[PDB]
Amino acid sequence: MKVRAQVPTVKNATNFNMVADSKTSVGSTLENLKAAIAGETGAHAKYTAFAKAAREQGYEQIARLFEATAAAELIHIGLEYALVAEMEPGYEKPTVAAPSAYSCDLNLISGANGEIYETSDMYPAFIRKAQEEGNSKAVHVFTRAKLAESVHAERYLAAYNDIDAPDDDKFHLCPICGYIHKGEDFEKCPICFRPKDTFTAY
């Protein structure tokens, strides 16, 4: 993802349209934030399991990508939980069991498919509902997660295409939005402009 002159938002970007045949149940923004957290929690468990399998399967770099992406979803959970807690103080984050893992290549595809659903269906739907209800904070959180998921999708497809051609690049994770960069060739996060110095390498 290239760095634009300005931070991408639903207002200045053109990849925020939602699929017509949605597979997303849309309720109040509160309900949507909870649904997103549940999905994020499932994603974290999924990627954690995929990383474990990747290591057993002999793909150390891909394992690191799954670990970095799992960490990215934890960041999304933190952003969404902070808002939900404010909207419903006693709210308790859900626990999701580790899903089934398959061969590394298939796990990368499974990951990409989920990321695509979130960036083109779920989050855009939630963003528009938040706008409708005037919840600017939710719009911001959903936007950041949405942008990060499409980056995750691309990273997974790149890894799939080069599954037998790994390298020693590290994956740099932005602590603010979950953006992930492969390699050192970058200065800041293209999603939130966070300087590279505060990123964490995987």
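Note that residue numbering follows the sequence shown and begins at 1.
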Averaging only over Cα atoms, indicate whether 101-109 or 81-89 has the higher B-factor in the PDB entry. 81-89
Between 90-98 and 118-126, the record assigns the higher mean Cα B factor to 90-98
What's the residue among 42, 166, 175, 27 with the greatest CA temperature factor in the PDB record? 27
Binned into thirds over the chain's modelled residues, the C-alpha B-factor of residue 146 lands in the lowest
If you rank the chain by CA B-factor, which third does residue 56 end up in: lowest, middle or highest? highest
Ranked by Cα temperature factor within the chain, is residue 31 in the lowest third, the middle third or the highest third? middle
Lowest, middle or highest third of the chain for the C-alpha temperature factor of residue 12? middle
